[PDB]
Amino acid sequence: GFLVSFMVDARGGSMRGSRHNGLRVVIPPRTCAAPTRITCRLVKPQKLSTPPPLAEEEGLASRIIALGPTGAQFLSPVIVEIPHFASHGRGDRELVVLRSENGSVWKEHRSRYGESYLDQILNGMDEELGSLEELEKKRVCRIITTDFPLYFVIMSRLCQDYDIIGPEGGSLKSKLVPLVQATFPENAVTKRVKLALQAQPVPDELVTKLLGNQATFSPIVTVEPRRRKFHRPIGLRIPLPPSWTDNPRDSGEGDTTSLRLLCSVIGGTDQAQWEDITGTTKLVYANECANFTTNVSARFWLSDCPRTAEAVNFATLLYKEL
């Protein structure tokens, strides 16, 4: 049953599984003080008596893996790479590492020192680890752990992050994209409520592949949940498309401007129906960002798009592939 099985000691070592399973276990120097037999196997979900429970839009995105010896404690983190088979990109849904100590309860896996610290974690090892970006394209998740639980598995779910804003007001920023901000004035909401400001970056390489040089784009910014009215106008700040930061084609105000503000109001997980709302609200430019207001939660999307009549068509082609 073992996809990987090898001896390692204080000097560390690694092993890949067959190209059909894509597992990789990397045990850095100094993590394993005594000689130990590192193994990994797949676990059929039928054999679990209590499989991970799943809400409506949650699913397992990888094989369940049992790393051996179970309960192995390491002196500093080790690395496991596992392919995933999620049917989506990084918009409304996220991938998370789950673990089960004995197969009965499933909880999110914690790592105190993650991707930022990879160079330290390798402890001078002569191996390469790909970047997040390369891992994303190859559809591989990297697990950083100081121990082997009975099971690990990757889960797809709706993004769980949120902040609470009340009638006193406040601001939200995004986890991933730093300049994306929303400002809620004093009576925007009547009571204390969960909100997210969800910024999805748009990679140049994908825009270039699908659209060439016909347009660039800002990140997509969604105020969640959608289908809510605000009682005061909420202030949004979105970073400009890269080609506008560099040199704007025009003043970017009123109606014929090639800087288009797109909006989608519909509900649904990774659903959008884009409308060009350029010059129905006023945009103010500063610190490489556009600033405008909305009375409704929605998706917003800026595009520097000279052929202005094609902006919605381009956004649609692009969004389907994000």
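When you see a residue number, it is the position in the sequence shown, counting from 1.
When the Cα temperature factors in the entry are averaged, is it 283-291 or 267-275 that ends up higher?
Going by the record's values, the stretch with the higher mean is 283-291.
Looking at the entry, does 257-265 or 45-53 show the higher mean C-alpha B-factor?
Result of the comparison: 45-53.
Go through 88, 157, 84, 192 one by one and give the residue whose Cα B-factor in the PDB entry is largest.
The record points to 192.
In this PDB entry, which of 93, 142, 107, 232 has the top CA B-factor?
232 has the highest C-alpha B-factor of those listed.
When the deposited Cα B-factors of this chain's modelled residues are ordered and cut into thirds, is residue 311 in the lowest, the middle or the highest one?
Residue 311: CA B-factor falls in the middle third of its chain.
Within this chain's modelled residues, let me know which third the CA B factor of residue 35 belongs to: lowest, middle or highest.
For residue 35, whose C-alpha B-factor we compare with every modelled residue in the chain, the answer is the highest third.
Using the B-factor values recorded in the entry, state whether the Cα atom of residue 167 falls in the lowest, middle or highest third among the modelled residues of its chain.
As the PDB entry reports it, the C-alpha B-factor of residue 167 lands in the highest third of its chain.
Splitting the chain's C-alpha B-factors into thirds, which one does residue 2 fall into?
For residue 2, whose C-alpha B-factor we compare with every modelled residue in the chain, the answer is the highest third.
What third of the chain does residue 151 rank in for C-alpha temperature factor, lowest, middle or highest?
Answer is lowest: the recorded C-alpha B-factor places it there.
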